[PDB]
Amino acid sequence: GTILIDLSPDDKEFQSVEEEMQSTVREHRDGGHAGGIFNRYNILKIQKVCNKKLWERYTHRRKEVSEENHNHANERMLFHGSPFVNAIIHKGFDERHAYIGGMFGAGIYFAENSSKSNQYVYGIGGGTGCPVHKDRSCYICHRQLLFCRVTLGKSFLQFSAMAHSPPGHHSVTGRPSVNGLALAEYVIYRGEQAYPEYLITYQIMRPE
Ligand SMILES: O=c1[nH]c2sccc2c2ccccc12
Ligand SMILES: [Zn+2]
């Protein structure tokens, strides 16, 4: 039921999605090990993901969270990188996209920093890098990230350096407490609390 609509680079929606992608790049404490060395991306394509059933699944759950949290969905747009982005756009998020070894438990992880999600495109810790060259820092191969609408609801705040949400909460917020430049990361425990709105195809760019 999924169709992908290609956005024109002249569309304001293309532009605002690209800007969120580029502006949320940061340096990482692994010196680029997982995700490569780059300060910015070459955005190749931005597609709107359209699936009525997956959307209504999202909005149904959003209303439930909202009504449990004084009419506040606490909805964000967050990045998600994963080897399984193609399963995700067709079938939605579910238990199989949970990070079992994650620091906030076995849920589905999202990032404010596009560059954080980039580290997961080829697997946990970047896996063995790109299929074709085995290069975690490949500048040639095309990568994809999802920019997702996520319902956080009442989020459990965890300061720091499929399971269930903490009792009385709808998500976990991993608040960075050491690296002053890191943005927040988030975990939901229900696949229906995220909708993969944009598929972004890109390459990381070698600095000069
Ligand atoms: O964007 C992310 N994708 C994936 S896939 C398995 C774990 C994660 C992950 C963890 C922390 C922050 C972002 C992400
Ligand atoms: Zn490659």
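Numbering, chain A: per Swiss-Prot, residues 952-1112, 1115-1161 in sequence.
Each residue, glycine too, has its Cβ placed from N, Cα and C.
Swiss-Prot annotations:
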type	residues	note
BINDING	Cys1081, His1084, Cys1089, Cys1092	Zn(2+) binding site
Cα-to-Cα distance of termini bounding the 2-residue gap, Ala1112 and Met1115, in Å: 23
Residue among binding-site residues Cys1081, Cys1089, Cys1092 with least C-beta crowding, 10 angstrom cut-off: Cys1092
Neighbour count (Cβ, 10 Å) for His1084 (Zn(2+) binding site): 13
Shell of the Zn(2+) site beyond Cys1081, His1084, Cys1089, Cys1092, same chain only (C-beta within 8 angstroms of their C-beta centre): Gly1080, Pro1082, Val1083, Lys1085, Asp1086, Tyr1090, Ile1091
Local backbone state of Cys1092 (Zn(2+) binding site), from DSSP in three classes: coil
